[PDB]
Structures are given as structure tokens and as C-alpha cells.
Amino acid sequence: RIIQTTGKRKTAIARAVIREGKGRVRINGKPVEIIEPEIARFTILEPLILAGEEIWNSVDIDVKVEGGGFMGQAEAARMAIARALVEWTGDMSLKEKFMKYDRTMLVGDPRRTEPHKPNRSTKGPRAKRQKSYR
Amino acid sequence: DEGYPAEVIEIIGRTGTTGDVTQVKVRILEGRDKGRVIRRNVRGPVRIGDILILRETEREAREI
Amino acid sequence: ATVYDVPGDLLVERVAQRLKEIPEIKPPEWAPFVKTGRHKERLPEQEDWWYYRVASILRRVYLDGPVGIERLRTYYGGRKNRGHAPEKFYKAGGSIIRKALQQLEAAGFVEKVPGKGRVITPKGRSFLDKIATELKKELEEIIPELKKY
Amino acid sequence: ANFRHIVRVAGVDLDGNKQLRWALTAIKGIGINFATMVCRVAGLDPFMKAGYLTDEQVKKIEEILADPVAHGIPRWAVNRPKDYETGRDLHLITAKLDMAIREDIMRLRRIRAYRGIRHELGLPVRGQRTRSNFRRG
Amino acid sequence: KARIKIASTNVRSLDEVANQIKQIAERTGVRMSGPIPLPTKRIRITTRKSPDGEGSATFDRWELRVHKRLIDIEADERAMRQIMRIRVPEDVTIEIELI
Amino acid sequence: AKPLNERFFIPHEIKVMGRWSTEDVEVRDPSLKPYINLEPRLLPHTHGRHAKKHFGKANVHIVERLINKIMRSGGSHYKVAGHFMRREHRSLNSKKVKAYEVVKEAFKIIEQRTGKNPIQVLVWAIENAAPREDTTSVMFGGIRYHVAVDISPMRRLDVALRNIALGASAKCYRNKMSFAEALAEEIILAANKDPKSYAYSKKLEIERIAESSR
RNA sequence: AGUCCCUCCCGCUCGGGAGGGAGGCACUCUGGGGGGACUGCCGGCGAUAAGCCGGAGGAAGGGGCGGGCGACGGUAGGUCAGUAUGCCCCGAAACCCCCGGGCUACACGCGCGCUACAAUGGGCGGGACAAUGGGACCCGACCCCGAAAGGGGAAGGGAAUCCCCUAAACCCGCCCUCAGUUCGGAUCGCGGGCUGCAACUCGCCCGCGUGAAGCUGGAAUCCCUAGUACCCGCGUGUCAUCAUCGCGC
């Protein structure tokens, strides 16, 4: 038995497969334990800690992430892992725990980049050159 | 000093030169002026049920 | 264990230390007098930077093989300080990469697939896997969460 | 051993609390890169603190500076890759370097080249714009 | 097998041509791979609006979109003869390959 | 340099930074208690959320707010300690990894020096650096009058955090002290109430001016 | 992603990892058609309506978020030097071609920017992660030579098949430890290349050497309300070469 889930953030897409195993979570071929920076590692690891030790050791996950930066990839992996755990467990208690902790774990982030416009487009959409007057 | 806490109960309106200060009604929680309802001016965002620690309670902010 | 199971920096430094004993891998006659890339400012501060570079190249060939000189140059490039002009990314020199790949091939760790690049020989795979597994065995005591992998 | 606070190399006093690279950098005509090159040629660890140098090592450095190319320095890492007069590869230090550069500018001014005229006038020589910048007064 | 590449500046013409090909294929009875829509090629050109330099800078972004579809059809005499006579409107462009 | 166990630290419980808990942290004043957030959260990183929502800062962890505050450049259009600190490419703005590391180091230093919970020390510092009264102009008739006014708890907290961050930046600016060391010193001095802390000095100055214009 | 075969590697293999084949489209994605969000419902204010402030649910609550579309008229606002055009003018000249020079000068005032005045860092070795677009005298993998710039051969790609394309900021280890310095990179010497019929006026690139102001800024003044500002790199238009520039990512 396997379960597949997907997560998206910025421009990063993460596809996660959850199965029964020894609790070895691997991301892009690397163990999750040696992921850097520490902030990204914690971001990826939060759902497992929330779920608990027994479930973490019971199930294992394999994740493939493409696109975006390190933070975006970590967030996408976090979302995919949370969805996979929720679906696999099938219980609503941990689902409510996830909702009250961070509502966006199961619901993706809809924010995207605002297109640039003239008058310093390279700077950004609302950025503009300063006037001189006199 | 240690001041005196007072709980806001009503918002009157904004009465700043640039609309920066808000006028509210507060009741003193403890002290010998406890229970009295006074009207003061507060700077910054404020909601109902907030607690302002007033350095005194002797003066009342005049009506808008 | 596998190269994927351990941090890159520790594995590459260990691999360079091991490669120090391989007679085929020796610095070129111009190694003392050459910067690693056009974007760099001054010469390397390590008297044995050649072995570190060779180890990194071997790991890159292992992970992303087949690879070529141009792609390795792109990887080994970086930002440059152009002075009053804004900084820009630049590639690295190809001589170091070419010589390192030739030396690795002579040692037998890398074999060239025509029109595709350089892949890792089974000998090189065994070498890297052995070093990686000893490194993981060392790391297991320090951190006990890697025992299950 | 005898840790000298001040060491004189090639007629310039070097610091005793500074690594050999940046100590040799104190001599006009040598920078960090060429100092590291000289140390590697001489066989001295570039990172040793200047002051532990012995007489033999100092003399070896002097000889390397006198004839860097013959000691293994690449012909393309020297200060004067092709001498105008002799046609050989040279590396000049301090006073000789100053005299060589002065002689070059003087030769330009003597032949009346554009670069010589601009040198004597004190304006940019390499083709810059002088309308908005280079305001010296 | 035969490869059909159809490109046009309007979606409806491509839809009609693909529907015609699908009708031919289903009438013949041979296996057909549904039209694969390749990524649309959108070319953008930004041009200064003013014909002179005076005035605040403002630009217009002209855009042209080309839509492409791919079809794979089992090669047989009757079907190839039946698809060689497609209407091929003026905007649509058709390319035939055999493999 | 740092031990490999610390480099690859793996938390197992829900506590701030995975190292310090908030069970024993206490807030004394009732004004700031509702807004001072001690919710269990090991990653103080909410991204840009809660900015759009009004009064959405009341549900953001203290450490997250401090990290965001220190993630800045200092100076710009204001002078603290009588100097500008316009650092453009050397600033921490938009570098949450660096801000997080700085806060972690500062908390470690505070814990080592004091022997008490760094979050508790931060709460004490915020309490001691939170002003209570200010001066503002009011327009009546045809002229304006300066009048002393109160400060809402949210503004108190924001001013306290801003003052702490500016003080740390000022005393780390162009010195031998690291930014983390400066932040730890700022928090310690603010908790201890000595005028040496910029936050406490500014609170005293604001209160004195409020009394004068009262 | 699951299933089967082959090859290789490890702790000698309980177990784990990588590549290729057949095979699948399951997930991502591409692109056509539909649904959804409509003050829809609950409480309150407004007059019971116009409407307004909160809450539930929800991906999206109040113009869902960002863009295109700029009315009658005026501004004797800019454009005849983009094209069109009235009158006047030159009409063997102000018309048409060719060579050389200039628009690139430089006591000085100003606009907008890049680089910095350092530790919220400089250098060295190592370790990770994008997107928009472009490609026929064109992009060019891959191989060989060179220390770098760069040189020689050359597969595939008319582009969801090949290339530009393994970005930087960020992370780990070491040196530097507050100093005009291992900050700063102007200004000049020698030497080696690329494009171009032609490189001094007047192009760009790399090696060694050199090492000027600058140690945070007066009055005054400018941008910005969320994936916005700041920080940091990339694509393209100009292009035989040249991007501190405009438009986007």
C-alpha cells in the first residue's frame, strides 16, 4: 500500500509517496536528518513531530521536489508530507491539530509574484525612480 | 508610581491633528478611584477590552 | 551506505585525503601559479587544493554523470567583483577540470562516454561508497537518528 | 627561536607579527599573488609569521626576487614581461620599477605621442569622458 | 504511423480541423491518439508609445499567440488518402511526417 | 568549529527553537499579557502572513517578531546614538536565516550568562522597555496644542521591540562586539533596568517628555 | 509513482542505493471545455430600503488579486529630425556619393545610477536551490591545446526532443580581529587576445605590478501598504564587438 500527495509553493512542486516502513524519511535521495539549513530542516520536520514518534517510526516517506529556492522546496515538502500523513492516518484528531497549529500545511499558499511594470520594472512592480523637480 | 490599570469599554472617535489619537472610555480596575468611568485619549491601535496602564486618573480628556 | 547518505563537504575532504595516496593524482607543474578561475581574486590558501578539487570533481561525476568540461566549468564558476561595475557571474578555467578528469581516468575512477561526457567506473563507485560508509559509521555514534538509514 | 620583530628583506623593513605573504606585500612591486608565488618557489610555507626567517631563507628570497623567472616563476606572472630595451622578462622592485615607469612615460613624451601629451597634461590617457567626472579642482 | 502537426493563430480553426481528423479516424476504425496540445508560443513586443522623446515614458505590449496540436494516426492507405484532403483553412498550417 | 550534534540538532518536542520551553514564562502586567504570545511553536517563522489582517500581530510568536525586527539595516532616515547606519549590501534585511542564527546565538549567550530562560529574560526586557505615555498634537479651533496621551499595548510592544533592535544595532556598529553579543547585552541591560540600555533610556526619555508636556 | 528484466555499488546483503530497457500517465505538466465566490448565510448599524462593520464555511469575503481599455473639451504643451503635408527657401547648390575629423573636449554647476566608506564583513577550499525568454553565416553539447582571455574539430536542434542553463544572495571549515587594514577599487606600466575592411583620436576581455578620495553624510528631499519594500542574480531590445541602460523573470 502506497499513498501519493502533492504540494506547491512559490514555484516549487513536491511529490511525496508515503508507505509503511522503519520511519526513514528521504528527500531527493538525502536523509531528512542531514538537511541544511537548520531552519529548512525544522520546517520540513514540523509535521512529523506534530504527528508523533510512533507514526513517524511506523511510516516512511519518499519526496521529490523541483523548482523554487530552498525555503520554497522545504515548504512544498512540508505540505506534501502533512497531506500524506493526514490521508494515511485517516484520523481527524491530528487533522484538527494541524489546523490549529498551521492552517496552511494542508491548504497551499496562493501567493505569487506580482508582475513588474514600467518606471523601474527591474526594481519591482511598485518601485519607481525618484523625481527631481528643480 | 506603578500606575493604575483601566479597561476600555467604548470607542468615541479619532481626534488627532493627523487623526492619530483615539478617544475611549476606561474604567479603573484597582486603586482608590476604582470603578469610576473616565474618558481618555490613546495613541495607537486599540480594541474593546484592552487594558491601558494610566500614570494617573485625576484628569479627564475633554469631549470631542 | 551511499554517497547520498552523508554531507558533501565531509565526504569530499575525506576523499581528497584518501586520494593523496594515489600516485596518478599529482598537481600539475603550474598548480602553484594558477588561480582556480577567472572570477577569483587571489590564489588558493591551501597547499593541497589540487586534491580537494579532484575529489569534488569525482563526486560531481558520480552524482551527475555523464558530465563535461563546460558544465563543470559552469558549476565551478561564481560571482566576480568587477569594481565600480555591478557584479556578474563568470565561468571557471577549463585547464584544471580537463587535467583532473584525465588524471582520474588514468587512475581508473572515471570513463568517458563518447558524445555524452564522463561517467564513474565501478572502481570509482566502490571507492566513493567505501569512504561514504565509513563516514556514516563514524557519524552514527555522534547522531543516533541515522542508524535507521 | 630568534623571533625578530622587524626583518629587512630587499632593503625594506618587514613586520614581525604578520604572515610572510602580506609581509612581502609591503615592498612596492610585489602583491599578495606574487608574494605567494615567491614563497611557494622558495619552499617556505606562506602562512609562517615573518620574523622566524633565517639568513639563508632571506638570501634565497633575495635571489628569487633578483631572477624570478630562472627560479620557476612563470614568464606571464612577472611585472615586465617584455623589456623594451633588452627584450627579456624582468620583474622590478621599488626604485627600479619607479625608474622604469618614469622612463616609459618620458619616452612617450619624447616621441610626442597622444598618450605622452595626455600624461604631461595630467588628464586621462585611456579614453575616458572628462565632462562630468575627473574634476580635480 | 503518421504524425500530424497543426498550428494556427486561432483556437477554433484548430479545433475544427482536429474534429475532422477525429471523425475520419473513428470512421476508419484505426487507433488514434487524441490531439496533444503543445505549449502555446506567445511572442511579446514592447514599444514606446510616443513618437518623440517628450512626455513621461509609456509602452505598449503587443502579443501574438500561436497554438499547436499534435496527432498520431495509424498509417493505412484509406485513412491517409481521406486525411490528405482536409480543408486546411488559410490560417491553419499542416505538417505531415511518416514513421 | 561548532559540534556536529549542534550542527545536526534534531528536535523531538514542540518548544521554541526546539531548545527552550515556554511553560514557566510569566507576564506580570495585564496590559501586554493578551498581546505577548507564548504559543507552543518550534519554528518562529510565519512568513509574511498576518500582515494583511488587522490586529494580526497578536497571534505571532515573540521570537518571530524579534527576528523580523532585527532583520533590518538600522539608520536610514533616523539617527540613533547620533550616527547613521546606512548599510545597503551588508544589511540583514531579507535574510531570515542570518536573523534566526543571530537570535539563537543571543539566546544561548543570555542563558549562559544569567542561568534563566532567555524568553523569560526577553519578556522582562520588553516589560521594562515598554513606554506608557507620549506627547501628540491635537487640533482644535484654529491652533494646535501638545497633549500627553496614553499608548495602546500593541504600540507599547512594537516600540519596545524596535528600541531593543536599534540599541543592539547601534552598539554592534563598527565595533569589536558581534551582533549576537550586542543583542544579548541589550536584552540583559534592559531587564536589569540600568540606564546603559538604549531601550530603557528611550522609555525614560519618552515618559519624562510626556510628564513635561502633561 | 507502482509492476517485470538486465547491469553496477555498498555495512556482504536481512536490508539499502544508482543506471538502462521494455512498460504506464497513476502524480507534475502542457491546453481546450466546465464548476466555484454571488453580501450567499448568521449577528449588529443604517430607515425596514441604498448600503456598511464582524463571524462560520471556503482555495479564493466583499471591485478575489494584478493588468488592457483614457469622454465631451483644453493644454498655440512635444513631434515637419518617423512617415504624410500647405507656403517660403536651396535647386548644380542646402541635392546625391566617397575619404578624414567631430558628436567621446573640460577650471566649473545639476539630474538619475553603480561602487564603497567594512565584522549585519574581505579572502580561500567545499556544499545546495529557479523562472521568463532566445537560437540559421544562429545556439552550440562533447573532445583536444592554453595559466586566463581565448583557439581547433564537431553531435543534436527549424525547437515540449538539442543549446544558452549545475545563477547569486544563503550554508559548513580555516585566515584576517577594528586597522585607511587581507576595507575601498579609481589612476597608471608592461605583456597576451576577440569582433570589425579599419581599434591612436575612439571598442571590449584576461595576467603580474600600482594603489586616489571615502571611516555614515548640513539645510533639504524621494519610493513604497504584501509575496509589496529591501537584498541578489538571470533573460531579452539595442548588437560584427560593447549594458552601471529600457522592458521582464
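As shown above, the structure is provided for reference.
Numbers attached to residues count from 1 within each chain as its sequence is written and can disagree with those in the entry; no residue without coordinates is shown. Each chain gets a letter, beginning with A, and each ligand a number, beginning with 1, in the order they are written. Each value listed here was derived from the chains shown, which are themselves a piece of a larger assembly. Side-chain numbers come from the whole structure's heavy atoms, not from hydrogens or water. Residues with missing side-chain atoms are left out of burial classes, side-chain pairs and their counts.

**Re the overall build of chain D**
Secondary structure assignment for chain D yields five helices and two strands. What you see for chain D is a C-alpha radius of gyration of 19 Å, clearly larger than the 14 Å of a compact globule of 137 residues, by over 25%. The dimensions of chain D, computed from C-alpha atoms along their principal axes, are 60 × 40 × 20 Å. Contact criterion: two residues are considered in contact whenever any of their non-hydrogen atoms come within 4.5 Å of each other. Across chain D, the fraction of contacts at a sequence separation of at least 24, relative to all contacts at a separation of at least 6, is 43%. Helix and strand definitions follow DSSP, with helices as H or I runs of at least four residues and strands as E runs of at least two, each counted in order from the N terminus. As defined in this context, the radius of gyration uses C-alpha atoms, and a globule is described by 2.2 Å times the residue total to the power 0.38.

**Observations regarding the overall build of chain C**
A tally of regular secondary structure across chain C gives five helices and four strands. Listing the helices and strands of chain C from first to last along the sequence gives α-α-α-β-β-α-β-β-α. Its C-alpha atoms give chain C principal-axis dimensions of about 55 × 35 × 30 Å. Burial status follows relative accessibility: with a 1.4 Å probe on protein chains alone, a residue under 20% of its type maximum counts as buried, one over 50% as exposed, and anything between as partly exposed. Burial statistics for chain C: of 149 residues in total, 47% are counted as buried.

**As for helix α4 (residues 118-129) of chain F**
Residues and elements named next belong to chain F. The end-to-end C-alpha distance of α4, which contains twelve residues, comes to 16 Å, matching closely the 16 Å that a straight helix rising 1.5 Å per residue would cover. Burial runs high along α4: eleven of the twelve residues are buried. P118, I119, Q120, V121, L122, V123, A125, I126, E127, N128 and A129 are the residues of α4 that are buried. On the buried face of α4, the contacting elements are α2 (62-70), α3 (96-114), α5 (153-172), α6 (179-192) and α7 (198-213). Within 3.5 Å is the distance limit for a polar contact, defined as a pair of N or O atoms, with the added protein rule that one can donate a hydrogen and the other accept it, and that residues adjacent in sequence qualify only through two side-chain atoms. The distance from a side-chain oxygen at the start of α4 to the backbone nitrogen of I119 is 2.9 Å, and the residue carrying that oxygen is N117. A helix's residues, less one, multiplied by 1.5 Å, set its expected span.

**Description of the protein's contact with RNA strand G**
Summary of the distance rule: residues count as near a molecule or strand when at least one heavy atom falls within 4 Å of that molecule or strand. Around RNA strand G, the surrounding shell holds 197 residues, and the nearest of these are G68(A), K131(A), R90(F), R174(F) and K176(F). Atoms of RNA strand G within 4 Å of the protein belong to the sugar or the phosphate in 76% of instances, the rest to bases. One of the side-chain nitrogen or oxygen atoms of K136(C) is found 2.9 Å away from a base oxygen of RNA strand G. Between RNA strand G and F84(F) there is a distance of 2.2 Å, counted from a sugar or linking oxygen to a backbone nitrogen or oxygen. The biggest single contributor to the surface near RNA strand G is helix α5 (residues 122-142) of chain C, with nine residues. Classes in brief: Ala, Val, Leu, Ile, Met, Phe, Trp, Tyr, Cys and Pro nonpolar; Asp, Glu, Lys and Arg charged; the others, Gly included, polar. The residue inventory of the surface near RNA strand G, partitioned by class, reads 55 nonpolar, 58 polar and 84 charged.

**Brief notes about the interface of chain C and chain F**
Residue-level contacts link seven residues of chain C with six residues of chain F. By buried area we mean how much accessible surface two parts lose on assembly, using a 1.4 Å probe and totalling the loss over both. Of the roughly 530 Å² buried between chain C and chain F, counting both surfaces, carbon and sulfur atoms make up 75%. Summed over the three residues of chain C that lose the most area to chain F, namely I142(C), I143(C) and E145(C), the buried surface amounts to 60% of that side. Here a salt bridge means any side-chain nitrogen of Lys or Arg lying within 4 Å of a carboxyl oxygen belonging to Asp or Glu. The interface formed by chain C and chain F includes one salt bridge. Notably, a salt bridge pairs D9(C) with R7(F), separated by 3.4 Å at the nearest N-O pair. Counting every contact that joins chain C to chain F gives two residue pairs in polar contact.

**A short note on the environment of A23(D)**
Mapped onto the elements, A23(D) comes out in helix α1 (residues 20-24). On a C-alpha basis, the gap between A23(D) and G51(D) in space is 9.7 Å, while along the polypeptide they are 28 residues apart.

**Overview of the sheet that holds strand β1 (residues 2-8) of chain E**
Residues and elements named next belong to chain E. Across the sheet, four strands lie side by side as β2-β3-β1-β4; this open sheet has antiparallel pairing. Every interior strand has two partners, whereas the edge strands, β2 (32-48) and β4 (93-98), have only one. Averaged over all neighbouring strand pairs, the angle between strand axes comes to 15 degrees, with direction disregarded. Relative to strand β3 (residues 59-73), helix α1 (residues 11-28) is tilted by about 5 degrees, and along the sheet it contacts β1, β2 and β3. Strands were regarded as paired on the criterion that DSSP finds at least two bridges between them. Helix axes are fitted only over the stretch in contact, all axes being lines through C-alpha atoms; the angle between N-to-C directions runs from 0 to 180 degrees.

**Topic: the sheet that holds strand β2 (residues 143-151) of chain F**
If you walk across this open sheet you meet the six strands as β4(B)-β1(B)-β2(B)-β3(B)-β2(F)-β1(F), and the pairing is mixed. Two strands close off the open sheet at either side, each with one partner strand: β4 (51-54) of chain B together with β1 (133-140) of chain F. Across the sheet, the mean angle separating the axes of adjacent strands is 50 degrees when strand polarity is ignored. Summarising the sheet, strand β1 (residues 4-14) of chain B and strand β2 (residues 21-28) of chain B pair through seven bridges and their orientation is antiparallel. Within the sheet, the bridge partner assigned to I11(B) lies in β2(B) and is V24(B). Contacting β1 and β2 of chain F, α7(F) runs over the sheet at an angle of about 40 degrees to β1(F).

**Observations regarding unusual backbone geometry**
All names here are of chain A. Cis geometry marks the peptide bond from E36 to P37, where omega comes out at 0 degrees. When you line up the elements, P37 lands in the loop between β4 (30-31) and α1 (38-51). With a phi angle near 55 degrees, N28 is a residue other than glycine that sits in the positive phi range. Mapping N28 onto the fold places it in the loop between β3 (26-27) and β4. The backbone phi angle of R120 is positive, close to 65 degrees, even though this residue is not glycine. Here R120 is to be found in the segment after α4 (93-101).

**Considerations on the packing of α4(F) against α5(F)**
Residue and element names in this part refer to chain F. Contact pair α4 / α5: the axes reach a minimum separation of 9 Å and the direction vectors enclose 110 degrees. The angle between the axes of α4 and α5 places the two elements in the roughly perpendicular class. Contact with α4, carried on its side by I126, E127 and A129, involves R156, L157, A160, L161 and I164 of α5 and no other residues of that element. Across the contact of α4 with α5, the residue classes break down as six nonpolar, no polar and two charged. An angle below 35 degrees is treated as roughly parallel, one above 145 as roughly antiparallel, one from 65 to 115 as roughly perpendicular, and anything else as oblique.

**Notes on empty space enclosed by the protein**
Of the voids in this model, the largest cavity is the one considered here, and its volume is about 70 Å³. Using protein atoms alone on a 1 Å grid, points that fit a 1.4 Å probe yet trap it form a cavity, whereas open point sets bounded by protein on both sides within 12 Å along at least five of seven lines form a pocket; residues with an atom within 4 Å of a point count as lining. If you go around the largest cavity, the residues you meet are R42(C), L43(C), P44(C), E45(C), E47(C), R21(D), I32(D), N33(D), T36(D), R40(D), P46(D) and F47(D). The element best represented in the lining of the largest cavity is helix α2 (residues 32-42) of chain D, accounting for four residues. Of the residues assigned to the lining of the largest cavity, the class counts are five nonpolar, two polar and five charged. Grid points are joined across faces, edges and corners, and a volume is the space filled by probe spheres set on the points. Volume-wise, the second largest cavity comes out at about 40 Å³. Around the second largest cavity sit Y35(F), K57(F), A58(F), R65(F), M154(F), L157(F) and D158(F), which together line it. Ranked by residue count, the leading element in the lining of the second largest cavity is α5(F), at three residues. Classifying every residue of the lining of the second largest cavity gives four nonpolar, no polar and three charged.

**Structural notes on the packing of aromatic side chains**
All names here are of chain C. Aromatic pairing here means that ring centres of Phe, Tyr or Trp (its six-membered ring) are within 6.5 Å. Orientation follows from the plane angle: under 30 degrees is stacked, over 60 is edge-to-face, and everything else is tilted. Tallying each qualifying case throughout the model produces eight aromatic pairs over all chains. Measuring from ring centre to ring centre gives 6.5 Å for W30 and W50, while their planes differ by 90 degrees; the resulting arrangement is edge-to-face. Note that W30 is positioned in the loop between α1 (8-19) and α2 (49-64) and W50 in helix α2, a separation of 20 residues in sequence. With a relative accessible area of 26%, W30 lands in the partly exposed category.

Interpretation note: all reported values are geometric properties and have no functional meaning in isolation.
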